[PDB]
Amino acid sequence: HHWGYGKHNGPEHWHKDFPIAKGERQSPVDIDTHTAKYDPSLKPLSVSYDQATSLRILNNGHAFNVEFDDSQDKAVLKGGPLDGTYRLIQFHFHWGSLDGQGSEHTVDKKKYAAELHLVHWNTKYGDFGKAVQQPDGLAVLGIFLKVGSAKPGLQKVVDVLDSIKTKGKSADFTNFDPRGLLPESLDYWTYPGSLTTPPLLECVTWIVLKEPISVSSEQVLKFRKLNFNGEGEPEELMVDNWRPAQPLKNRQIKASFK
Ligand SMILES: Clc1ccc(OCc2nnn[nH]2)cc1
Ligand SMILES: [Zn+2]
């Protein structure tokens, strides 16, 4: 498979190899703030990243992934809509060619410059590969980025990108603290959905924070110097690696806040 984000292998083509592309619980979606309803039964959200152990940063030809040690309950997400414990495995971003696009989820059809996904798996399923086969296998915490002030907690990430320019490059990336990527508020929207890349599995509880983080133009500019290609191939800038909004179908988006 050679799926990607170009004219010839982009999101409108994915259904031919991945028919679940046209499924009943596909992501991302537009979040209509006037239709999402406050749900007073959501328990509080618990982001417990004090013991997070980052290992490595990888350019996989689709995004860059910061990977963590998930062999024990070191960094976990619990509470909110979630039953049980979800272990942080990695984070990555989706971004645009221009500051006015880049996010996957939209808010009243607004696109942000980028979107951060912190990916966690349900520890009751024992490993990540088993989890992705379950309707409640993953929890992805989504955080919008807007361009304004620099985010200091992002800069260690920006600064290593030069070293993983092309597909298949990785670098050691220890002692990175993902708490530095969080906004002040944990107010969120939640809905059931899917992975936003092939294989597009419908295994995700989405938790999308309402408060964006600000990053500087210089910071997002550096994302856009990455490459989708491997070393020694013609240069294709890693930009616009986002899937557009998919039909909501028979789903409700719940708000944690009034
Ligand atoms: Cl481990 C993993 C890495 C990337 C990835 O990108 C597609 C996606 N992003 N958010 N949900 N699905 C999904 C899972
Ligand atoms: Zn993602």
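Residues numbered from 1 in each chain as written, not as in the entry; some residues may be left out. Chains lettered and ligands numbered in written order. Heavy atoms only, no water. Residues with missing side-chain atoms left out of burial classes, pairs and counts.

Caption draft 1: Focus on the site of ligand 1. Taken together, the neighbourhood of ligand 1 is formed by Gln 90, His 92, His 94, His 117, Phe 128, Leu 195, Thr 196, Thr 197 and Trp 206. At a separation of 3.2 Å, a nitrogen atom of ligand 1 approaches a polar side-chain atom of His 92. In this structure, a nitrogen atom belonging to ligand 1 sits 3.0 Å away from a main-chain N or O atom of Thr 196. Against a free-state accessible area of 350 Å², the protein chains account for coverage of 86% of ligand 1. (Near = heavy atom within 4 Å. Polar contact = N/O pair within 3.5 Å; in protein donor to acceptor, adjacent residues only side chain to side chain. Areas by Shrake-Rupley, 256 points an atom, 1.4 Å probe, with all protein chains shown as cover.)

Caption draft 2: Representation of the coordination of the zinc ion (ligand 2) within the structure. At this site the zinc ion (ligand 2) is bound by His 92 (NE2), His 94 (NE2) and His 117 (ND1), with donor distances of 2.0 Å. In primary sequence terms, the donor set of the zinc ion (ligand 2) follows H-x1-H-x22-H. Here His 92 is found in strand 7 (residues 86-95), whereas its partner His 117 is found in strand 9 (residues 114-122), with 25 residues between them in sequence. Note on accessibility: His 92 and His 117 belong to one class, buried. (Donors = N, O, S within 2.8 Å, 3.2 Å for Na, K, Ca; no water. Helix = DSSP H or I, 4+ residues; strand = E, 2+ residues; numbered from the N terminus. Buried < 20%, exposed > 50% of the residue type's maximum accessible area, 1.4 Å probe, protein only.)

Caption draft 3: The arrangement of the nonpolar core in detail. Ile 57, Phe 64, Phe 91, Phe 93, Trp 95, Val 157 and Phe 223 are the most contacted members of the largest nonpolar core, which has 50 residues in total. Those elements that place two or more of their residues in this core are strand 5 (64-68), strand 7, strand 9, strand 10 (138-147), helix 2 (155-160), strand 13 (204-209), strand 14 (213-215) and helix 3 (217-223). The element best represented in this core is strand 7, accounting for five residues. Apart from the residues within four sequence positions on either side, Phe 91 is in contact with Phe 64, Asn 65, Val 66, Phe 68, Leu 116, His 117, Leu 118, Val 157, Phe 176, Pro 178 and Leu 181. Membership of the second largest hydrophobic core comes to 23 residues, among which are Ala 36, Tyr 112, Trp 189 and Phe 257. (Core = buried A, V, L, I, M, F, W, Y, C linked by side-chain atoms within 4.5 Å. Contact = heavy atoms within 4.5 Å.)

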